[PDB]
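Take a look at the structure below.
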Amino acid sequence: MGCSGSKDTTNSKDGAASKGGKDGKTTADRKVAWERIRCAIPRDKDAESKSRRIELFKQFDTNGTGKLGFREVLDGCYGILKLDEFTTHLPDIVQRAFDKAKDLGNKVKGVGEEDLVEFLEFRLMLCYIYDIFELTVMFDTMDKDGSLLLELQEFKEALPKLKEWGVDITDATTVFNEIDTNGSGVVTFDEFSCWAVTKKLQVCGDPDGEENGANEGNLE
């Protein structure tokens with residue numbers, strides 16, 4: 001049934017490998033890029049953050065609307081921020097960030113269900129990315145090399161280390177089962193991290209822009 005494909009390479013019933021064209025990349029390259037990015041992407045709504053926040057916003061909002069969606073946002077970075085260089089295939093990274101952000105936005109407070117992102121939900125979105133990056137770069141090292149899976153091993157080591165990150169999974173084993181959904185025996189970065197980033201977001205989602213963090217001072 002047809003004959004004109006000649007011959008080519010072959011493989012077995014599995015191929016957890018990739019080919020970028022004799023490129024190559026590891027913590028080294030991932031470290032320098034994430035270093036410039038991390039520096040660009042805010043993480044504490046500081047003076048430099050507030051400004052940038054408005055800058056990048058006016059960017060995607062070059063159409064004049066104030067109500068952006070996902071598709072428009074995706075291409076925005078995918079074409080401007082160009083996060084591909086560092087992370088291989090990140091159209092999904094922003095996808096999950098845009099979705100959750102919007103939803104998680106109302107839940108806490110209440111502004112009505114919609115589908116677009118506002119200056120507020122936008123701030124939460126960026127946070128998702130920034131965090132998701134810290135993890136990947138923080139796991140690849142405490143984990144294996146050409147791998148992206150997690151196991152009870154890095155779990156007990158990351159459980160504590162994670163606590164420092166900013167979140168507090170408290171109960172571990174119980175969570176390992178929750179985040180899990182394939183029923184195999186392990187969890188992938190994007191999954192384990194999702195639980196982290198999100199949490200760190202619901203806890204640090206506190207609208208600062210003011211002065212009311214630590215206590216005022218000593219009493220007696």
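All residue numbers here begin at 1 and follow the chain in the order shown.
Cβ coordinates are placed from backbone N, Cα and C, and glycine is handled just like the others.
Feature annotation from Swiss-Prot assigns domain 'EF-hand 1' to 48-83; the stated evidence is sequence analysis.
Residues annotated as Ca(2+) 1 binding site in Swiss-Prot: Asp61, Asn63, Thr65, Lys67, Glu72. Long-range neighbours of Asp61 (Ca(2+) 1 binding site) (same chain, six or more residues apart, CB within less than 8 Å of its CB): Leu68.
Beyond the ends of the domain 'EF-hand 2' (84-119), by six or more residues, the same chain brings 18, 20, 25, 30, 33-34, 37, 53, 57, 66-70, 73-74, 77-78, 125-126, 128-129, 132-133, 136, 190, 194, 198, 201-202, 205 to within a C-beta distance below 8 angstroms of the stretch. Taken from Swiss-Prot, the feature domain 'EF-hand 2' covers 84-119, and the record attributes it to a curator's inference.
Beyond the domain 'EF-hand 3' (130-165), the same-chain residues lying 6 or more positions past its ends with a Cβ under 8 Å from any Cβ of the stretch are 26-27, 30-31, 34, 37-38, 41-43, 86-87, 93, 97, 172, 176, 185-193, 196-197, 200-201. The domain 'EF-hand 3' annotation in Swiss-Prot covers 130-165, and the record cites sequence analysis as its basis.
Cβ environment of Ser147 (Ca(2+) 2 binding site): no same-chain residue six or more positions apart lies under 8 Å away. Feature annotation from Swiss-Prot assigns Ca(2+) 2 binding site to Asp143, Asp145, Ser147, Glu154; the stated evidence is a curator's inference.
The domain 'EF-hand 4' annotation in Swiss-Prot covers 167-202, and the record cites sequence analysis as its basis.
Per Swiss-Prot, the feature Ca(2+) 3 binding site maps to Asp180, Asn182, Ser184, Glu191. In three-state terms derived from DSSP, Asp180 (Ca(2+) 3 binding site) belongs to neither a helical nor a strand segment and is classed as coil. In the shown protein chains, 16 other C-beta atoms lie within 10 A of the C-beta of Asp180 (Ca(2+) 3 binding site).
Closest to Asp143 (Ca(2+) 2 binding site) by Cα-Cα distance, out of the binding-site residues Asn63, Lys67, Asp180, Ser184, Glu191, is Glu191. Same-chain residues lying 6 or more positions outside the domain 'EF-hand 1' (48-83) and placing a CB less than 8 Å from one of its CB atoms are 37, 40, 42, 90-91, 93-95, 98-99, 115-119, 122-123, 125-126, 129, 209. The closest partner of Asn63 (Ca(2+) 1 binding site) among the binding-site residues, by CA position, is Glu191; the full candidate set was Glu154, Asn182, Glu191.
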